[PDB]
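Now for the letters of each chain:
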Protein chains: 2
Amino acid sequence: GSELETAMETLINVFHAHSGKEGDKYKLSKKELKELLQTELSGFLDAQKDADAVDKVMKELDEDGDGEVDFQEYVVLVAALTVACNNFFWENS
Amino acid sequence: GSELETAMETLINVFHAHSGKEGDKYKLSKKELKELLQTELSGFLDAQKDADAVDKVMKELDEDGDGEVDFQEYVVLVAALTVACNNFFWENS
């Protein structure tokens, strides 16, 4: 168990890497979030490019073309990509 | 980097532990989700009991008293608990 506590740090660590005493309330523009993962899985997600599901999640940040996103909200964005990939492995049909 | 890919498996692994070929579409009742973490951090979250923020997230599943929740939606639920705890450490006031 304790599988969540492990992820809890992942989201906190990756974010902590950026700013900690952000003079301005936690705020991340579409680019920040988009770049956040890409910068992390830039070389990895390269393999996902084959799957259109990648853009599926982009619809969220993409809509924020000029807008931004709180912060934690990005977590789920990561899941949307997982379910898409996980579906590839699991599929009875 | 690649901090997300690490969490990606965490959510998939913890969930994979349950059912894989779920004869019924991915479905988790309030209890499942609630019990999911508690069963994972049952002894750990015991320390969080001091923080009321714990109930803050419960409001989500709690509302599903008789209802249920897709699945991935639970990811963010984990973040809601993090931001609450993270706030404890970081707080200029």
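Along each chain, residues carry numbers from 1 upward in sequence order, and these need not match the entry's numbering; residues missing coordinates do not appear. Chains and ligands are labelled by the order in which they are written, letters from A for the one and numbers from 1 for the other. As a convention, hydrogens and water are excluded, and side-chain values are obtained from all of the structure's heavy atoms.

This entry, as listed in the PDB, derives from solution NMR.

> Is there a simple way to explain helix 2 (residues 30-41) of chain B in this structure?
Each full turn of the α-helix corresponds to 3.6 residues, which orients residues three or four apart in the same direction. Counted at 1.5 Å a residue, the expected span for helix 2 of chain B with its twelve residues is 16 Å, and the 17 Å between its end C-alpha atoms agrees. Within helix 2 of chain B, the full set of buried residues consists of B:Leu33, B:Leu36, B:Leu37, B:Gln38 and B:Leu41. What counts as a helix is a DSSP run of H or I of at least four residues, what counts as a strand is a run of E of at least two, and both are numbered from the N terminus. Take the residue count of a helix, subtract one, and multiply by 1.5 Å to get its expected span. For every residue, the accessible area obtained with a 1.4 Å probe (protein chains only) is divided by the maximum for its type, and the residue is called buried under 20%, exposed over 50%, and partly exposed between those limits.

> Help me understand the relation of the copies chain B and chain A, please; the structure alone is not making it clear to me.
Think of it as a corkscrew move, a rotation about one axis and a shift along it, taking one chain copy to the other. Each copy is laid over the others by a least-squares fit that uses only its C-alpha atoms. At an RMSD of 0.0 Å, chain B and chain A line up after a rotation of 180° and a shift of 0.0 Å along the axis. Put plainly, the chains are arranged around a two-fold axis. Contacts are residue-level and defined by heavy atoms, with any inter-residue pair within 4.5 Å sufficient. Most of the interface of chain B is mirrored in chain A: 100% of its interface residues are interface residues there too.

> Help me out: how do you make sense of unusual backbone geometry in this one?
As a rule of thumb, non-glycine residues mostly have phi less than zero, and peptide bonds are mostly trans rather than cis. A positive phi angle is found at A:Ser2, which is not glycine, with a value near 55°. Mapped onto the elements of the fold, A:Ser2 is located in the segment before helix 1 (3-17).

> So what exactly am I meant to see when it comes to the UniProt feature "domain: EF-hand" in chain A here?
All names here are of chain A. UniProt positions are given in the numbering used here, feature names are shortened, and annotations may be inferred rather than shown by experiment. The UniProt feature table records "domain: EF-hand" at residues 12-47 and 49-84. Secondary structure content for residues 12-47 is 58% helix and 6% strand, while the C-alpha to C-alpha distance between its ends is 26 Å. The span residues 49-84 carries 61% helix and 6% strand; its end-to-end C-alpha distance comes to 12 Å.

> I'm lost on empty space enclosed by the protein in this one. Help?
Remark: the empty space left among the atoms is shown by a probe the size of a water molecule rolled over them. Residues are called lining when one of their atoms sits within 4 Å of a cavity or pocket point, these points coming from a 1 Å grid over the protein atoms alone, where a cavity is a set in which a 1.4 Å probe fits but cannot get out and a pocket is an open set with protein on both sides within 12 Å along at least five of seven lines. Grid points are joined across faces, edges and corners, and a volume is the space filled by probe spheres set on the points. For the structure on display, the rule yields four cavities of 30 Å³ or more. Within this model, the largest cavity holds a volume of roughly 70 Å³. The wall of the largest cavity is formed by A:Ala7, A:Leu11, A:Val75, A:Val78, B:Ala7, B:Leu11, B:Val75 and B:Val78. For the lining of the largest cavity, the secondary-structure elements that each account for two or more residues are helix 1 and helix 5 (74-89) of chain A together with helix 1 (3-17) and helix 5 (74-89) of chain B.

> For this particular structure, what's the right way to read the interface of chain B and chain A?
By a widely used convention, the size of an interface equals the accessible area lost when the partners come together. Facing the 30 residues of chain B at the interface are 30 residues of chain A. Buried surface area refers to the total accessible area, computed with a probe of radius 1.4 Å, that the two partners give up upon joining, counted for both partners together. Summed over both sides, the interface of chain B with chain A buries roughly 2,700 Å², with 77% coming from carbon and sulfur. Salt bridge criterion: a side-chain nitrogen from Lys or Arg within 4 Å of a carboxyl oxygen from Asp or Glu. Where chain B packs against chain A, one counts zero salt bridges. For the purposes of these results, a polar contact is taken to be a pair of N or O atoms within 3.5 Å, where, inside protein, one atom must be able to donate a hydrogen and its partner to accept one; residues adjacent in sequence count only when each atom of the pair is a side-chain atom. At the boundary of chain B and chain A, one finds two residue pairs in polar contact. Within the residue set of the side of chain B that touches chain A, elements represented by two or more residues are helix 1, helix 2 and helix 5 of chain B. At ten residues, helix 1 of chain B tops the list of elements feeding residues into the side of chain B that touches chain A. Class assignment for the residues of the side of chain B that touches chain A results in 17 nonpolar, nine polar and four charged. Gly falls in the polar group here, along with every residue not listed as nonpolar (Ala, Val, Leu, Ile, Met, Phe, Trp, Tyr, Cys, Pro) or charged (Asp, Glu, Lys, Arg).

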